[PDB]
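K.L.:
Once you've had a glance at the structure underneath, I'll fire off some questions.
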Amino acid sequence: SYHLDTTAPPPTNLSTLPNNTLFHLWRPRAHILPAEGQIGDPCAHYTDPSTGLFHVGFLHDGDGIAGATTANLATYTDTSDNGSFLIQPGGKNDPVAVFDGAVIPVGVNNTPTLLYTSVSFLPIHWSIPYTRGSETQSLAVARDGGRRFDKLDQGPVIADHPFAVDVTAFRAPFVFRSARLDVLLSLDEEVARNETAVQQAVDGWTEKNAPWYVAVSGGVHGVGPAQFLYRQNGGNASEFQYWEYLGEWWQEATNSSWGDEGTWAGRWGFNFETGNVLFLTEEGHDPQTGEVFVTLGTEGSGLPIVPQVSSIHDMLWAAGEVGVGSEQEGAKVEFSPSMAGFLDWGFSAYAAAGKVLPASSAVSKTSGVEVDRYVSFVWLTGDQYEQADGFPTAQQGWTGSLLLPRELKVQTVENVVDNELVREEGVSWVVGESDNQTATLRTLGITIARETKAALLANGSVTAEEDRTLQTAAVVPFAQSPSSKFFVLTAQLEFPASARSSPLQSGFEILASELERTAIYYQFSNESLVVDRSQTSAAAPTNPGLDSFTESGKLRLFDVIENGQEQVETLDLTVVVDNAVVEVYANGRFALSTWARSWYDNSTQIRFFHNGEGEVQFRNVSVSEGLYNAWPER
Ligand SMILES: OC[C@H]1O[C@H](OC[C@H]2O[C@H](O[C@]3(CO)O[C@H](CO)[C@@H](O)[C@@H]3O)[C@H](O)[C@@H](O)[C@@H]2O)[C@H](O)[C@@H](O)[C@H]1O
């Protein structure tokens with residue numbers, strides 16, 4: 001007879017416990033996840049034109065797309081009960097499975113319309129032969145306020161992958177509109193070569209009757225990963241049956257990668273997944289003036305290759321330009337990356353699905369936002385993409401969660417010293433404006449959606465810590481630590497120029513007891529925020545299912561001019577700890593999320609950490625405890 005006692009040592013084998021015994025142990029309170037069961041890819045988000053409510057979707061129990069709605073982008077309500085499903089397999093187009101999809105707010109019958117990957121055969125993986133007809137794209141229309149999606153009574157509207165192309169995958173259609181694409185396709189192939197003519201047409205563009213484009217993710221056996229582009233036939237905004245194939249607007253060589261050493265954006269891998277096409281500005285999303293950005297997941301593998309196994313799941317982002325379709329007979333249009341990085345450096349972060357969130361939305365109206373935004377929902381698989389070594393899934397009763405909604409826009413880093421640090425090849429940023437003395441840098445901006453950040457701190461207990469410096473190695477416990485695993489830790493770390501060349505490691509130790517701790521620090525050596533989980537869980541040693549490997553992401557701190565002097569850019573940290581779900585944010589342009597499954601209720605001390613190498617200044621350190629409930633109606 002074993003009842004859970006989180007103040008006592010964990011049993012040696014967690015998988016021997018009764019189903020659901022671990023249900024609340026690591027479960028978050030402020031994140032998006034079903035009431036129970038497993039959550040897969042986030043997909044099918046859209047602002048309902050009628051109600052202005054923002055709809056969120058996600059695969060659930062490998063049995064279809066489930067959903068929820070929100071009015072504030074802080075609290076959520078399930079569309080229904082018993083799974084809250086919107087659409088499931090079993091149709092003629094989708095006898096085996098229902099994969100990711102995207103929604104056109106005003107589609108068929110002028111109602112929200114879902115274009116999704118209908119599945120008829122399994123297995124499907126880039127490492128094995130593709131079964132013809134495995135993945136097709138079908139339509140379904142929203143009924144009863146989006147609480148369900150009825151499949152149109154006909155076959156798929158894109159019933160096959162490109163003719164005779166040996167695709168490694170063909171799925172996760174994502175819809176978007178683009179002024180630049182309509183122009184490039186509307187103009188002559190000779191007159192669409194000079195930006196002078198283009199830009200002019202781009203200004204007359206009208207978002208309302210523009211045709212929808214569709215990017216499908218996958219690759220080509222023996223050649224490369226790629227995104228397949230389609231658009232309503234003939235650019236007719238009212239054509240929903242036929243979609244003309246524009247070609248592989250973006251493809252890369254098998255297991256190639258941004259930069260020579262693949263340092264800043266992992267690798268393009270063997271297959272591209274759940275692509276998203278964004279158009280940014282310094283303030284939000286604008287399909288007319290925004291720069292072209294694409295977020296995607298890439299499947300990697302070492303050698304030899306393990307059939308049906310993707311050893312690496314990188315959550316990347318790329319930005320660049322779109323031009324005519326070269327001179328050859330390839331794609332009508334091509335996307336050329338200028339920069340690329342990670343949307344989230346977490347091993348278990350993947351399949352992000354975002355959506356434009358209009359200023360006209362009930363969400364932006366209520367919060368006072370008056371610009372169009374692009375909110376992105378990143379997936380945090382719960383069992384390492386189903387490769388976990390015996391995770392106690394039956395015991396937990398649920399699997400996975402989505403990360404906090406995030407705003408994506410163009411973030412600028414001003415007053416930067418245009419130095420080798422800036423002029424490196426294959427990085428996650430481009431020089432905006434430089435006088436060879438100081439330049440502005442452009443990169444993907446990553447922040448917690450404002451309404452969610454506010455809700456996280458609204459009723460939280462706040463406890464500051466005095467600024468302090470550490471030269472010699474030390475681990476200093478905060479004056480006061482929270483008494484629960486639900487909090488937001490904020491701090492700024494100032495480093496002296498002499499630290500770049502040192503083995504310095506500075507940060508914090510969270511979720512700490514004498515038998516447990518989780519280290520989060522910055523390493524100048526490879527320049528990377530690190531989350532050491534080797535001591536995170538007292539239960540991990542005998543339960544390999546609880547992964548404890550190190551997580552880390554590259555974050556460069558540039559030399560800049562602050563008060564009128566040069567200094568190493570301040571490390572601005574924001575760590576949200578949702579019981580076991582941990583998200584590390586840095587400089588409004590870095591994210592590293594992972595699972596920190598601490599066990600003891602006592603495991604809640606926070607400590608300052610410095611390894612004695614170099615010197616670090618902690619400024620403005622504080623903690624907000626409590627966070628909030630994202631599912632009030634449950
Ligand atoms: O190959 C065996 C495998 O086939 C099916 O999964 C295929 C596909 O799943 C994952 O792809 C994503 C990324 O998270 O998840 C959804 C599906 O749930 C896809 O639309 C999306 O690309 C993997 O990352 C891919 O490597 C994999 O090829 C099936 O669902 C699995 O249970 C298993 O049978």
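FYI, nothing fancy with the structure tokens labels: chains A, B, ... in order, residues from 1 per chain, ligands from 1 as they appear.
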Counting only C-alpha atoms and all ligand atoms, what residues are within 8 Å of ligand 1, given as a ChimeraX atom specification?

P.N.:
/A:40-41,59,62,97,99-100,117,122-126,169,171-172,217,272-274,297,299,308-310,313,350-351,385

K.L.:
If you count only C-alpha atoms, which residues fall within 8 Å of range 617-620 of chain A, apart from same-chain ones fewer than 4 positions away, as a list in words?

P.N.:
residues 464, 465, 466, 467, 468, 469, 470, 490, 491, 492, 493, 494 and 495 of chain A

K.L.:
Could you dump the residues just selected with N, CA, C and O atoms as a short mmCIF file (atom, residue, chain, number, x, y, z; two decimals), in the first residue's frame?

P.N.:
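Once everything was written out, this is selection.cif:
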data_model
loop_
_atom_site.label_atom_id
_atom_site.label_comp_id
_atom_site.auth_asym_id
_atom_site.auth_seq_id
_atom_site.Cartn_x
_atom_site.Cartn_y
_atom_site.Cartn_z
N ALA A 464 12.39 40.64 -3.21
CA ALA A 464 13.63 41.10 -3.81
C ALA A 464 14.86 40.52 -3.11
O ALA A 464 14.75 39.89 -2.05
N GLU A 465 16.01 40.71 -3.74
CA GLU A 465 17.31 40.29 -3.22
C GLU A 465 18.23 41.48 -3.47
O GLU A 465 18.14 42.12 -4.52
N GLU A 466 19.10 41.80 -2.52
CA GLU A 466 20.00 42.93 -2.73
C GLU A 466 21.04 42.63 -3.81
O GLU A 466 21.52 41.50 -3.93
N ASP A 467 21.36 43.64 -4.60
CA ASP A 467 22.35 43.46 -5.66
C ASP A 467 23.60 42.99 -4.94
O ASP A 467 23.81 43.33 -3.77
N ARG A 468 24.44 42.22 -5.61
CA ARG A 468 25.64 41.72 -4.98
C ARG A 468 26.62 41.19 -6.02
O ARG A 468 26.24 40.88 -7.14
N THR A 469 27.90 41.12 -5.64
CA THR A 469 28.93 40.64 -6.54
C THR A 469 29.57 39.39 -5.97
O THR A 469 29.58 39.18 -4.75
N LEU A 470 30.10 38.55 -6.85
CA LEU A 470 30.77 37.32 -6.43
C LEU A 470 32.03 37.17 -7.25
O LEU A 470 31.98 37.12 -8.48
N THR A 490 13.68 36.75 -11.87
CA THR A 490 14.25 37.76 -12.76
C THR A 490 15.57 38.29 -12.19
O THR A 490 15.70 38.48 -10.98
N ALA A 491 16.54 38.52 -13.07
CA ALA A 491 17.84 39.03 -12.66
C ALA A 491 18.65 39.52 -13.84
O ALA A 491 18.43 39.10 -14.99
N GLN A 492 19.58 40.42 -13.56
CA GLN A 492 20.48 40.94 -14.58
C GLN A 492 21.89 40.63 -14.11
O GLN A 492 22.22 40.87 -12.94
N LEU A 493 22.71 40.08 -14.99
CA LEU A 493 24.09 39.76 -14.65
C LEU A 493 25.05 40.56 -15.52
O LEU A 493 25.07 40.40 -16.74
N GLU A 494 25.83 41.42 -14.88
CA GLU A 494 26.79 42.25 -15.59
C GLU A 494 28.16 41.60 -15.48
O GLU A 494 28.61 41.27 -14.39
N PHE A 495 28.79 41.38 -16.63
CA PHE A 495 30.10 40.75 -16.68
C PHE A 495 31.18 41.71 -17.19
O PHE A 495 30.93 42.53 -18.07
#

K.L.:
How far is it from CA of residue 592 in chain A to CA of residue 551 in chain A, in Å with one decimal?

P.N.:
7.8 Å

K.L.:
With distances taken over only C-alpha atoms, which of A:626, A:614, A:156, A:477 is nearest to residue 458 in chain A?

P.N.:
A:626

K.L.:
Near range 280-294 of chain A, within 10 Å and counting only C-alpha atoms, which residues show up once chain neighbours fewer than 6 positions away are dropped, as a PyMOL selection string?

P.N.:
chain A and resi 176-181+199+202-207+316-322+335-337+339-340+355-358+370-375+407-412+442+444-445

K.L.:
Could those residues be written to a file, using C-alpha atoms, as a tab-separated table (two decimals), in the first residue's frame?

P.N.:
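Here's the written file selection-v5.tsv:
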chain	number	residue	atom	x	y	z
A	176	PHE	CA	-0.66	32.63	-44.79
A	177	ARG	CA	-1.07	35.75	-46.93
A	178	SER	CA	1.77	37.78	-48.39
A	179	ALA	CA	1.91	41.07	-50.23
A	180	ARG	CA	5.39	40.35	-51.57
A	181	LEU	CA	4.43	36.91	-52.86
A	199	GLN	CA	7.86	47.89	-53.49
A	202	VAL	CA	3.39	46.16	-52.42
A	203	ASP	CA	1.99	49.49	-51.23
A	204	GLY	CA	-1.30	49.07	-53.08
A	205	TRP	CA	-1.74	45.53	-51.76
A	206	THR	CA	-5.02	44.76	-49.97
A	207	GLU	CA	-5.02	42.06	-47.27
A	316	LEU	CA	14.56	26.59	-35.49
A	317	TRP	CA	13.73	29.91	-37.11
A	318	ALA	CA	15.11	31.60	-40.20
A	319	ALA	CA	14.66	35.03	-41.73
A	320	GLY	CA	15.59	36.37	-45.14
A	321	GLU	CA	14.09	37.43	-48.44
A	322	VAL	CA	11.79	36.03	-51.08
A	335	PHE	CA	13.12	31.93	-49.85
A	336	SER	CA	16.77	32.75	-49.11
A	337	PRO	CA	17.86	32.84	-45.45
A	339	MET	CA	20.04	34.65	-40.69
A	340	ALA	CA	18.79	31.74	-38.54
A	355	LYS	CA	-0.88	32.43	-35.71
A	356	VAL	CA	-1.52	36.06	-36.43
A	357	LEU	CA	-3.35	37.65	-33.49
A	358	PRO	CA	-5.19	40.73	-34.90
A	370	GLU	CA	-3.48	48.01	-31.27
A	371	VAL	CA	-1.04	46.31	-33.63
A	372	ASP	CA	-1.23	42.89	-35.24
A	373	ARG	CA	0.89	40.31	-33.43
A	374	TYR	CA	2.16	36.81	-34.20
A	375	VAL	CA	1.78	34.46	-31.25
A	407	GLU	CA	5.21	37.09	-29.30
A	408	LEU	CA	7.55	37.06	-32.28
A	409	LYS	CA	8.74	40.26	-33.93
A	410	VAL	CA	11.93	41.88	-35.16
A	411	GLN	CA	14.08	42.71	-32.15
A	412	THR	CA	16.87	45.26	-32.44
A	442	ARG	CA	18.32	42.80	-36.30
A	444	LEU	CA	14.09	37.43	-34.07
A	445	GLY	CA	12.56	38.87	-30.92
